[PDB]
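J.: First portion of the complex, with coordinates as positioned in the assembly:
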Amino acid sequence: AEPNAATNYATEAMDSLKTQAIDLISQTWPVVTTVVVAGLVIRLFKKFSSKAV
């Protein structure tokens, strides 16, 4: 009753904070994917210079 109804409202804002934290981390994934675009494209250019040496 007393802590049961209090944990019903608390669980509602906790699951909206779980879904919106998964959205914020979904903006993190494409940013580190673009950092790996600089790593793979620049390091393939280093393969151009080393292979011609």
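T.: Received the coordinates, thanks. Numbering: from 1, shown residues only, chains lettered A, B, ... in the order given.

J.: From the structure, what's the count of residues near residue A:10?
T.: Using other CB atoms under 10 Å, residue A:10 has 11 neighbouring residues. Bear in mind the C-beta positions are built from the backbone N, C-alpha and C, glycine included.

J.: In which helix or strand does it reside?
T.: Residue A:10 belongs to helix A:2-52 when assigned by DSSP states H and E.

J.: Look at residue A:5 and say how many residues are nearby.
T.: Neighbour count for residue A:5, taken as other CB under 10 Å: 9.

J.: And for residue A:2?
T.: 6.

J.: Distance check, it against residue A:18.
T.: Distance from residue A:2 to residue A:18, counting by CB to CB, to the nearest Å: 25 Å.

J.: what's the answer for residue A:6, then?
T.: Counting by CB to CB - residue A:6 and residue A:18 are separated by 19 Å.

J.: With residue A:9 instead?
T.: 15 Å.

J.: what do you get for residue A:43?
T.: Distance, residue A:43 to residue A:18, using CB to CB: 37 Å.

J.: include chain B as well:
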Amino acid sequence: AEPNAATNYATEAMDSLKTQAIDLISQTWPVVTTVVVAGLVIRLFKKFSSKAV
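T.: The block that follows adds chain B to the chains above:
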């Protein structure tokens, strides 16, 4: 006889005041239990923010 019968009527209202004071304190216990519902639910939310830091 004289203070003995006087203390019989006085003891009757004293034991009705003991039982009804135990009832009034039984309304006090669930009110401080709801204050501990704010302490444990709010302080578990503070555990959410501190654990993500």
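
J.: same question on the neighbour count of residue A:10, but now with chain B added
T.: Residue A:10 has 18 neighbouring residues, counting by other CB atoms under 10 Å in any protein chain shown.

J.: correct me, but it touches residue B:41?
T.: Yes - at 5.3 Å, residue A:10 counts as touching residue B:41 under the criterion of CB atoms under 8 Å.

J.: Next, see if the helix holding residue A:10 gets close to chain B.
T.: Yes - against chain B, helix A:2-52 shows contacts by CB under 8 Å from any CB of the partner chain at A:2-3, A:6-7, A:10, A:14, A:17.

J.: can you list those residues in CSV and add distance to residue A:34?
T.: Shown next, in CSV, are those (distance: CB to CB, whole Å):
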residue, distance to residue A:34
A:2, 50
A:3, 46
A:6, 44
A:7, 41
A:10, 37
A:14, 32
A:17, 27
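
J.: Quick one, which of those are buried?
T.: Buried members of the residues of helix A:2-52 next to chain B, counted by 16 or more other CB atoms under 10 Å in any protein chain shown: A:6, A:10.

J.: between the residues of helix A:2-52 next to chain B, which is closest to residue B:26?
T.: Residue B:26 has its nearest neighbour among the residues of helix A:2-52 next to chain B in residue A:2, at 14.5 Å by CB to CB.
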